[PDB]
Structures are given as C-alpha cells and as structure tokens.
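Residue numbers (the entry's author numbering): 1 to 37.
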C-alpha cells in the first residue's frame, strides 16, 4: 500500500485509460514540489 497521498496513485487514477503515460505525470507532479508552475 505504502500509505495514501502520492503523485503516483494520483497520476494513475487520472490516467486510468492510459497508465502508460502516468510516468510523465508523476515526473512533473513529483519534481518541483516546492512550488512549481
């Protein structure tokens, strides 16, 4: 489980139709956590 609240699970559910692109979402969502654009 690794607990809840993560860019992974978030990007996974958002891309349920195409989980193969989740990486692109996680990479951006994760990076620049201090206050990215």
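Beta carbons are placed, not taken as given, at the ideal position from N, Cα and C, and that holds for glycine.
Asked                                                                                            : Found
Span of the alpha helix (DSSP H) around residue 8                                                : 7 to 14
Own chain residues within Cβ distance below 8 Å of residue 12, not counting five before or after : 19 and 22
Residue span of the alpha helix (DSSP H) that contains residue 2, given as start and end         : First-last for residue 2: undefined, no H or E at that position.
Run of the alpha helix (DSSP H) containing residue 18, from where it starts to where it stops    : Note, residue 18: premise wrong, no alpha helix (DSSP H); not H, not E.
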